[PDB]
Ligand SMILES: [Mg+2]
Ligand SMILES: [Mg+2]
Ligand SMILES: [Zn+2]
Ligand SMILES: [Zn+2]
Ligand SMILES: [Zn+2]
Ligand SMILES: [Zn+2]
């Protein structure tokens with residue numbers, strides 16, 4: 001009998017100061033890896049994205065929360081790993097633009113085509129390309145889209161919308177920013193409108209604010225997008241109690257969970273990094289956010305409910321889960337927010353892996369859209385940017401640095417980064433790959449045409 | 001009949017602006033990965049280290065020299081990849097020190113034990129631990145140590161020396177900095193004296209300057225370390241002609257190649273990055289160093305000759321090859337020097353792979369000791385540090401940033417980084433591992449006790 005193993009434990013095996021104490025392996029891995037290889041078709045796919053979660057963000061998060069010799073039971077447990085490229089294209093020239101934003105990267109793994117920074121679901125010629133979610137739905141599979149960001153944000157929107165600018169959230173921004181996509185100009189509609197038309201079985205996230213807008217044209221002109229949603233049969237839910245109450249989500253009663261106006265709350269708080277903060281200020285210990293809430297579902301809860309609902313479909317399902325705030329907090333130069341959000345994503349990955357290990361036909365993939373700014377530097381570092389000293393689980397201090405922008409927001413970077421997977425077809429993430437190979441790998445694993 | 005494949009081509013398959021044109025894969029990878037898995041013993045090991053070559057350095061060098069959609073025929077062709085941690089230990093507390101130097105990291109993979117920054121071949125208690133080279137030689141395998149840095153430098157020294165400070169290059173620095181290791185105090189000697197005692201079959205690099213010092217005690221007291229070398233039967237060689245003339249290197253006539261006084265010359269020139277250099281200055285095109293020479297062997301040449309000489313030993317061989325200046329040029333904030341050194345290492349990795357593919361029992365490993373400073377940022381970036389715009393092979397501009405030090409030297413960083421391998425036992429680099437796991441993997445692969 002054949003089953004696929006998840007690395008149970010890759011923590012340092014003992015005393016890190018002694019010979020062999022810092023090893024993470026206990027014996028040869030060949031047989032274990034041979035057992036992980038399967039070209040059987042995947043019935044399901046769970047894609048987990050940590051926005052801005054390059055290797056440096058994973059390392060910093062692990063150091064702080066599990067200690068240097070620790071191990072994330074979710075993020076570090078996928079057995080097949082590689083590194084992939086995520087460069088975008090300059091719209092005018094069609095040449096590579098080395099540092100992507102969240103919109104062009106999302107489109108690349110969701111459509112299989114490179115695009116310009118800011119586009120959602122269209123190529124450099126502004127032509128629409130079908131997404132993996134739309135194709136899944138067309139083959140009759142259940143579909144889910146979960147995120148801690150506004151649902152109009154680049155990452156979850158890329159699966160359901162095709163607009164020339166990521167800024168075209170609702171009817172008003174669209175009329176002014178994406179005229180050709182404007183409903184009243186004959187277009188498909190703003191991000192939110194196209195989201196409602198896409199009709200995924202399960203959509204959960206923040207972004208309730210934009211649903212307050214009213215349609216400028218169409219069958220539901222004059223009424224709010226929230227009204228249109230209920231009118232078209234959506235089960236609206238807005239707190240954890242209600243979310244747990246849901247027992248079925250399907251094309252007849254698709255679920256829409258709006259848990260916050262903008263982005264859902266961050267798990268941990270901490271002060272922002274400051275100039276010479278590692279020398280001028282005391283070390284920081286992060287504190288849980290008192291307003292994250294008992295009534296606000298966490299990403300792992302959302303992941304669990306999404307899995308429960310989507311698995312009732314005998315055909316199979318595609319679910320994308322996004323740990324959205326790693327990137328946002330990285331932009332904010334806030335180590336605690338950033339680390340808390342990676343820890344949060346780890347819990348959702350654990351849920352996904354438990355299901356997959358038991359179900360056996362599920363491909364789980366964990367990766368990021370692009371790299372980000374934070375760097376782990378020596379404690380006595382005198383850097384030109386923003387730094388902060390943190391008290392880690394090891395009882396030592398780790399210094400983090402943000403030094404790629406004099407502006408207010410720290411920027412993305414173009415380093416290739418880790419992709420890891422488990423399950424049927426995971427072999428296709430090993431070695432060097434491109435972000436658009438992700439679209440083809442998932443399309444082939446599910447056997448879509 | 002079973003053979004293990006190297007990735008032949010992972011360059012973008014077509015037009016990067018079109019659907020599927022940016023894909024690096026042409027079909028399912030399962031069978032190919034299954035064919036790469038073997039637990040057969042390794043007769044030989046080739047360990048290639050890019051100093052400071054984290055994923056960011058690899059991406060920057062690929063973008064510049066092969067284009068974003070290109071592919072390093074050496075660096076990117078290894079089929080089994082993972083990420084590994086390299087934290088060092090605080091000497092006093094024994095707790096993790098998140099950002100390692102080159103001395104503690106080389107000690108970790110060459111001994112299997114974590115140590116403090118600055119130590120070579122000793123643990124935090126200053127106890128000596130045998131290296132993979134010393135163990136290989138004890139089992140009767142041929143051994144080689146090749147680098148473009150001074151042979152007294154941390155990376156190549158770690159295989160043959162055990163001193164409490166990496167600064168103890170020769171007799172004089174040792175007397176004052178490593179009193180306990182000083183020969184005239186009864187110690188084993190300075191780095192260069194221990195290198196002469198270790199007697200690897202092939203040692204090639206820079207660092208002839210220190211051999212001008214004279215021993216303070218011992219059998220060869222009063223004469224230069226160069227003189228001692230000839231007295232002990234070493235074949236001294238100092239240019240490429242001489243290097244090519246060598247037809248055998250063994251324990252009777254070990255080879256010592258001193259090609260420069262300090263570090264061997266860098267491949268490419270270019271100006272240093274500067275404050276607001278991507279906005280204030282024109283884009284840079286790197287230029288081949290006129291003084292890199294016809295009489296100075298290149299890293300690939302050194303690698304070839306080392307492989308020819310060490311392969312005559314029927315028992316097998318261990319060879320470590322270091323592209324040293326990637327890290328050094330990264331510190332200097334000089335993109336061209338840094339990229340040129342990465343390109344240079346790629347050529348050496350290609351020679352090692354050709355041999356391995358044909359020999360069939362060689363484990364080739366390519367990785368770095370720690371990550372470094374350089375980041376690939378957006379072209380319009382206003383950063384607080386040093387930046388520079390480069391004209392890449394794609395005909396687009398890529399901006400590189402160094403923003404983690406207000407000092408003169410750019411600093412190392414602690415992000416986990418790529419490790420890739422090919423051949424028998426390569427499965428042990430996949431997933432998350434620690435740098436000390438690498439010592440154990442090599443020892444097992446060669447079957448050492
Ligand atoms: Mg996002
Ligand atoms: Mg070095
Ligand atoms: Zn992003
Ligand atoms: Zn971002
Ligand atoms: Zn180094
Ligand atoms: Zn260095």
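Residue numbers (PDB author numbering), protein chains in the order written: chain B, 1 to 449; chain A, 1 to 449.
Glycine included, every Cβ here is placed at the ideal spot set by N, Cα and C.
Ligand 4 and residue i: does any heavy atom of the ligand fall closer than 7 Å to the residue's C-beta?
{"i": "residue 239 of chain B", "result": "no"}
{"i": "residue 412 of chain B", "result": "yes"}
Can residue i be considered in contact with ligand 2, in the sense that its beta carbon sits closer than 7 Å to one or more heavy atoms?
{"i": "residue 332 of chain A", "result": "no"}
{"i": "residue 327 of chain A", "result": "yes"}
{"i": "residue 39 of chain A", "result": "no"}
{"i": "residue 322 of chain A", "result": "yes"}
{"i": "residue 149 of chain A", "result": "yes"}
{"i": "residue 153 of chain A", "result": "yes"}
Confirm, please, whether the CB-CB distance from residue j to residue i is below 8 Å.
{"i": "residue 77 of chain A", "j": "residue 6 of chain A", "result": "yes"}
{"i": "residue 28 of chain B", "j": "residue 39 of chain A", "result": "yes"}
{"i": "residue 10 of chain B", "j": "residue 432 of chain A", "result": "yes"}
{"i": "residue 42 of chain B", "j": "residue 446 of chain B", "result": "yes"}
{"i": "residue 89 of chain A", "j": "residue 115 of chain A", "result": "yes"}
{"i": "residue 372 of chain A", "j": "residue 112 of chain A", "result": "no"}
{"i": "residue 323 of chain A", "j": "residue 20 of chain A", "result": "no"}
{"i": "residue 422 of chain B", "j": "residue 273 of chain B", "result": "no"}
{"i": "residue 186 of chain B", "j": "residue 393 of chain B", "result": "no"}
{"i": "residue 304 of chain B", "j": "residue 254 of chain B", "result": "no"}
{"i": "residue 317 of chain A", "j": "residue 142 of chain A", "result": "yes"}
{"i": "residue 280 of chain A", "j": "residue 24 of chain B", "result": "no"}
{"i": "residue 46 of chain A", "j": "residue 346 of chain A", "result": "no"}
{"i": "residue 147 of chain B", "j": "residue 173 of chain B", "result": "no"}
{"i": "residue 435 of chain B", "j": "residue 85 of chain B", "result": "yes"}
{"i": "residue 365 of chain B", "j": "residue 398 of chain B", "result": "no"}
Please indicate yes or no: does the CB of residue i lie closer than 7 Å to some heavy atom of ligand 3?
{"i": "residue 261 of chain B", "result": "no"}
{"i": "residue 97 of chain B", "result": "no"}
{"i": "residue 294 of chain A", "result": "no"}
{"i": "residue 369 of chain B", "result": "yes"}
Tell me whether residue i, by its Cβ, gets closer than 7 Å to a heavy atom of ligand 5.
{"i": "residue 86 of chain A", "result": "no"}
{"i": "residue 35 of chain A", "result": "no"}
### Task
Name all residues in chain order for which at least one heavy atom of ligand 1 lies closer than 5 Å to the residue's CB.
B:51, B:102, B:155, B:324
### Task
Say whether the region 106 to 118 of chain A touches the region 155 to 171 of chain A, bearing in mind that this needs 3 or more beta-carbon pairs closer than 8 Å, one atom from each stretch.
yes
### Query
Are there three or more Cβ pairs, one per stretch, closer than 8 Å when the region 266 to 285 of chain B is compared with the region 319 to 339 of chain B?
yes
### Task
Give a yes or no on contact between the region 20 to 33 of chain A and the region 379 to 387 of chain A, applying the rule of three or more CB pairs nearer than 8 Å.
no
### Against chain A: residues of the region 143 to 162 of chain B by CB proximity under 7 Å
none
### Task
Can you give me, in chain order, the residues of the region 359 to 388 of chain A that have a beta carbon less than 7 Å from any beta carbon in chain B?
375, 376, 377, 378, 381, 382, 383, 384, 385
#### Entry: Contact list for the region 261 to 284 of chain A against chain B, Cβ threshold 8 Å
none
### Task
Using a Cβ-Cβ cut-off of less than 8 Å, list which residues of the region 329 to 353 of chain B approach chain A; keep chain order.
none
### Query
Looking at chain B, which residues of the region 400 to 425 of chain A have a Cβ within less than 7 Å of any of its Cβ atoms?
401, 403, 404, 405, 406, 407, 411, 413, 414, 415, 416, 417, 418
#### Entry: Three CB pairs or more closer than 8 Å across the region 285 to 299 of chain B and the region 399 to 416 of chain B
no
### Task
Pair every Cβ in the region 342 to 356 of chain A with every Cβ in the region 354 to 367 of chain B, then say whether three or more of these pairs are closer than 8 Å.
no
### Message
Using a Cβ distance threshold of 8 Å, determine whether the region 178 to 193 of chain A contacts the region 235 to 246 of chain A, with at least three qualifying pairs required.
### Response
no
### Task
Would you check if there are 3 or more beta carbon pairs closer than 8 Å linking the region 191 to 209 of chain B to the region 248 to 261 of chain B?
yes
### Cβ-based contacts, 7 Å cut-off: residues of the region 307 to 329 of chain B near chain A
none
### Query
If you measure beta-carbon to beta-carbon, which residues of the region 73 to 93 of chain B are closer than 8 Å to chain A?
76, 78, 79, 80, 81, 82, 83, 85, 87, 89, 90, 93
### Task
With 9 Å as the C-beta to C-beta threshold (strictly closer), list the residues of the region 50 to 61 of chain B near chain A in chain order.
54, 55, 56, 57, 58, 59, 60
### Query
Of the residues that make up the region 91 to 124 of chain B, which ones have a beta carbon closer than 8 Å to any beta carbon in chain A?
93, 94, 95, 96, 97, 98, 99, 108, 111, 112, 113, 114, 123, 124
### Task
Anything in the region 5 to 25 of chain A with a Cβ closer than 8 Å to a Cβ of chain B? List those residues in chain order, please.
7, 10, 12, 16, 17, 18, 19, 20, 21, 22, 23, 24, 25
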